[PDB]
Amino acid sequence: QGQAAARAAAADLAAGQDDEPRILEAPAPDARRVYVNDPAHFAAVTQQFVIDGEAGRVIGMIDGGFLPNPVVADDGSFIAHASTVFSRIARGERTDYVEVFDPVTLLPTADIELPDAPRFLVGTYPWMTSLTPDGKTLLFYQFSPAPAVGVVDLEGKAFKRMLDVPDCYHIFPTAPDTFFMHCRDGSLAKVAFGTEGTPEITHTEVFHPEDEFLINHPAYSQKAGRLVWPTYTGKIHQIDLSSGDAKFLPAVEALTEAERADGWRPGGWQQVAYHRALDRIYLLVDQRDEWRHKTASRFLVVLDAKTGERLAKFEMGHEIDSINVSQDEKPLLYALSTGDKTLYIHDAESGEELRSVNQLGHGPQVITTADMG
């Protein structure tokens, strides 16, 4: 950091060495690489910070347009985003596009135009643009004029087509040609395409009543076929898609009865994270009125995903808005405070804060990690 590169810099000089400037390359992608996206409160141009969560060092950055959807391949071979730019800053002719970037040089690999500006401009929901698990196709949601998901071939670098879908939202791909959506009615729809006319679409049953409200940020581990989906109360629905079909596991309660009696509820942005190897759930929680669900929260609960057994409750100390975890054996709990524009990196085991990376744009809100291998 400073001190380190100063005694370095200084002594470089007392040893005589003069500087021949160059453009650096980012260290090869590892499991400790963490991506922070700053939507910047709906500003027309945004930034994504590439951080090495271990050393707590920003190691690169990427620029984007209005309200983009970041995507990271789990195996670390690229990162991409779907983005929107305008000829005169915030007005003029719209261009929606996907850009693909190499993850060592940060240089763009493909730039693919999406016709007729079809992206959905929403506060950022990680599962509204998704990679299929082979990494050759990107799917993104269109809300108006009618629900649809577009298919981008990242391999021959082209937009393929739009798929008519029912009144369903979020895209959870389970195979090269299949993904699930959660519908208005309370069901999940399975969409199989490559069925080159219209896709083949199937509903599961309704799994939550009309008055149970599931959040906009579900956690999905694609390598485990596992969807962890909280509700405003911290009841956690879990669906397993590893067979190809939706199997509804048992709903665990994330808050103790005494916490719900004392008014604890989940609140934040990316409120949940799921570690797949340890099979655990982390939830952001605090005491709040019923309808103060988007506010930051000061605790973190950890529970066993199978049993609902509460493993730990961390006292974070800052106001956190989003969490996520690295997917390795001894993981970090990434806690992002939009108000501090700072990323606190804690030990996921103990909840002990280890590092922080501050000055992370104007409104950072989304953390993305790759589940590597």
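Counting begins at 1, following the sequence as shown.
In this entry, 259-267 has the higher mean Cα B-factor, the comparison being between 259-267 and 221-229.
The stretch 269-277 shows the higher mean C-alpha B-factor when 77-85 is compared against 269-277 in the entry. Residue set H41, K313, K341, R57: peak C-alpha B-factor at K313 (per PDB entry). Of all the options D289, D153, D245, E99, the entry's greatest CA B-factor is assigned to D289.
When all modelled residues of the chain are sorted by CA temperature factor, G308 is found within the middle third. Residue-level temperature factors show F180 in the lowest third of its chain, judged at the C-alpha atom. Among all modelled residues in its chain, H203 ranks in the highest third by Cα B-factor.
Ranked by Cα temperature factor within the chain, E93 sits in the highest third according to the deposited record.
The entry lists a Cα temperature factor for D167 that places it in the lowest third of the chain's modelled residues.
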